[PDB]
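K.L.:
an experimental structure, sequence included, is below.
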Amino acid sequence: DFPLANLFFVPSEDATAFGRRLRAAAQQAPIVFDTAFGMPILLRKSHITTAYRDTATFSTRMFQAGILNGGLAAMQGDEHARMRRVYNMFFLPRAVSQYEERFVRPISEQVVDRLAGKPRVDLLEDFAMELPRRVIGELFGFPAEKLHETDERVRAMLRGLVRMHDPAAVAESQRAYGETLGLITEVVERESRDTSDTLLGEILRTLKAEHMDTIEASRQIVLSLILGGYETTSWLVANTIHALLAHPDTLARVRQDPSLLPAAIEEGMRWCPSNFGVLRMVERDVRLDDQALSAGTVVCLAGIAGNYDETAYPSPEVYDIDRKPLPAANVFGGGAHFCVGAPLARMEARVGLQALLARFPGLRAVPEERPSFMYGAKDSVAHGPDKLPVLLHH
Ligand code: HEM
Ligand SMILES: CC(=O)[C@H]1CC[C@H]2[C@@H]3CCC4=CC(=O)CC[C@]4(C)[C@H]3CC[C@]12C
């Protein structure tokens, strides 16, 4: 029906290959069928914009088939709106500033402390993964090590949400959720008590006030903070520091002027996105110009196919934090489901990188050890590096 393509599981030492591959595909056809994802990938900007706006035709009901069933992302319409308002409260600008001052700045200093006393470290495992894990730890009131133990299971959960037609991926996702249910239940039970003094405690109290604090709803709060708050945020941090390490003159500008960090992060989401976009379910036969999609089909909206559009972003292969306006991020989705955690993720990248750059004026990539980039790095559902080895001192 649509041309066949292999857009995702392709390794390269070039961080731009992923973005370039999606743009080139979009130039050849508006929709491709990906041989690994097993579903159509929409690449054309106008079609993606139509799809994000029309939730009656492009739903998230495919999440009712997997481990997110019962959670926010699987909800539609008014049910979705009501729970979305609860989540929104916890990610308002002032709430985020409060997390920055109370939790994220001190944690970032502690994570950077642990890198001291070593000539070289891997910023992927030792920084990019560590910081978001410890922030979620703080939100749960549980030791970050307990989350560290779930890494394989977390990635197994996510792989089956994306490759949802692959029986091995779906089975491993459901099994991994089963194998994490004890920890999730323990966290919910403790922070459901009147003695809770954690942010998760506050979220569960708000659900209780709305008579929404079912067993399933409370487990799904915890699940969403793990999958988005820990794992997915790690790769944004990783890709931003890679972009700076790969462009030493820009890294030096940003250490001398930390007010440039928001720009470095936004341009990094364009230049080296950690995500392609979203999944949607076609709810009724629909025509997109001369393209036809059948009711029941699950699709990917690959919003990042526009990142390397040279009419929009001249010299798109250049990491340029001076672009104006800054590029609109495509990694958080769109429409009514646009990532509710995005303010926290953006703030963690800024505060974490600020602490790292201030602490290590000599920071530089290990010249000899080039990272390899792929969608699916380390069995994740992210486009990112396999390692970020650095030298910390001159
Ligand atoms: C770089 C970091 C992150 C990326 C790239 C990301 C990406 C995404 C994407 C693509 C979606 C689906 C949007 C759609 O269907 O339109 C999403 C939804 C969601 N994310 Fe994030 N996420 C990140 C961090 C976070 C964090 C830190 C949290 C929580 C603290 C979080 C919680 C959620 C939730 C609850 C939803 C479902 C929203 C809804 O369906 O209304 N995510 N995220
Ligand atoms: C590939 C990627 O990074 C994106 C594509 C679809 C996104 C997900 C969509 C659903 C979702 C809802 C949550 O509550 C947590 C985050 C998640 C689990 C998202 C994580 C990141 C994902 C997996």
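P.N.:
Thanks, I have the structure now. Numbering: from 1, shown residues only. Ligands and ions are numbered 1, 2, ... in the order given.
K.L.:
and the most centrally placed residue in the chain, backbone torsions?
P.N.:
Closest residue to the average C-alpha location of the chain: residue 232 at 3.6 Å, with Cα atoms, centre = their mean. Dihedral angles of residue 232 (phi, psi; degrees, to the nearest 10) stand at phi -70, psi -30.
K.L.:
residues in contact with it?
P.N.:
158, 274, 275, 345, 381, 382 (Cβ atoms under 8 Å, 6 or more residues apart in numbering). (C-beta placed from N, C-alpha, C; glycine too.)
K.L.:
once you drop chain neighbours, what's closest to the first one?
P.N.:
Taking Cβ to Cβ, 6 or more residues apart in numbering as the measure, residue 158 lies nearest to residue 381, with 4.5 Å between them; neighbours along the chain are not counted.
K.L.:
check the gap between residue 147 and residue 100 for me.
P.N.:
Going from residue 147 to residue 100 by Cβ to Cβ, to the nearest Å gives 21 Å.
K.L.:
the two - which one has more neighbours?
P.N.:
Neighbours were tallied for residue 147 and for residue 100 using other Cβ atoms under 10 Å; the higher tally belongs to residue 147 (23 against 17).
K.L.:
next structured bit after whichever helix or strand the more buried one is part of?
P.N.:
Under the criterion of DSSP states H and E, residue 147 resides in helix 144-148. The helix or strand immediately downstream of helix 144-148 is helix 151-162, counting by DSSP H and E.
K.L.:
which stretches of the chain form strands?
P.N.:
The residue ranges that make up the strands of the chain, judged by DSSP state E, are 4-5, 31-34, 39-42, 58-59, 120-122, 278-282, 286-288, 291-293, 298-301, 364-365, 373-375, 383-385, 389-391.
K.L.:
which of these sits most buried?
P.N.:
strand 383-385 (a mean of 27; mean count of other Cβ atoms under 10 Å).
K.L.:
contact partners for residue 385?
P.N.:
Residue 385 makes contacts with 15, 124, 238, 239, 242, 371, 372, 373, 377, as judged by Cβ under 8 Å, 6+ apart.
K.L.:
and those residues, which are buried?
P.N.:
For the contacts of residue 385, a burial check counting by 16 or more other Cβ atoms under 10 Å picks out 15, 124, 238, 239, 242, 371, 373, 377.
K.L.:
tell me the one of the residues you listed nearest ligand 1?
P.N.:
Sorting those by how near they are to ligand 1, with Cβ to the nearest ligand atom, puts residue 239 at the top with 9.0 Å.
K.L.:
and residue 393, how many neighbours?
P.N.:
Number of residues near residue 393 (other Cβ under 10 Å) recorded here: 12.
K.L.:
quick check: phi and psi on it?
P.N.:
phi -130, psi 150.
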